[PDB]
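First the structure, in the form of structure tokens, and then the observations on it.
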Amino acid sequence: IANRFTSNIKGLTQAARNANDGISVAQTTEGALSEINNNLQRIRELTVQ
Amino acid sequence: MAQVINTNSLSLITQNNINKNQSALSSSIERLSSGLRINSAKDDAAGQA
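Protein chains in written order, with the deposited numbering: chain B, 50 to 98; chain e, 1 to 49.
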């Protein structure tokens with residue numbers, strides 16, 4: 050049972066690290082999306098004029 | 001405590017609580033710095049849209 054618990058603990062810690070990496074990926078992608086959105090808004094204003 | 005030295009459940013619980021508070025600390029500081037309630041859409045996306 051101690052072996053099983055050790056395996057579970059190590060796996061869960063590594064999984065937490067993987068989830069942190071996923072959060073980083075999402076943040077980078079969303080920043081790029083925000084810049085694209087600003088560009089699109091400016092293009093729309095230019096079209097309006 | 002007095003029984004065991006290999007682990008410190010008190011330390012682990014304290015670390016978890018510290019991290020939980022730190023999340024809100026970071027959120028509040030970035031919110032104040034930006035001056036916008038909705039930043040990076042980590043929250044209600046209807047407001048962002």
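The C-beta atom is built at its ideal place from N, Cα and C for all residues, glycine as well.
- Annotation: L32 of chain e to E94 of chain B spans about 29 Å, alpha carbon to alpha carbon.
- Annotation: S34 of chain e has no Cβ neighbours in chain B at a cutoff of 9 Å; minimum Cβ distance is about 12 Å.
- In the structure shown, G60 of chain B adopts helical secondary structure according to DSSP, grouped into three states.
- Taking the CA atoms as reference points, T78 of chain B sits about 11 Å from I85 of chain B.
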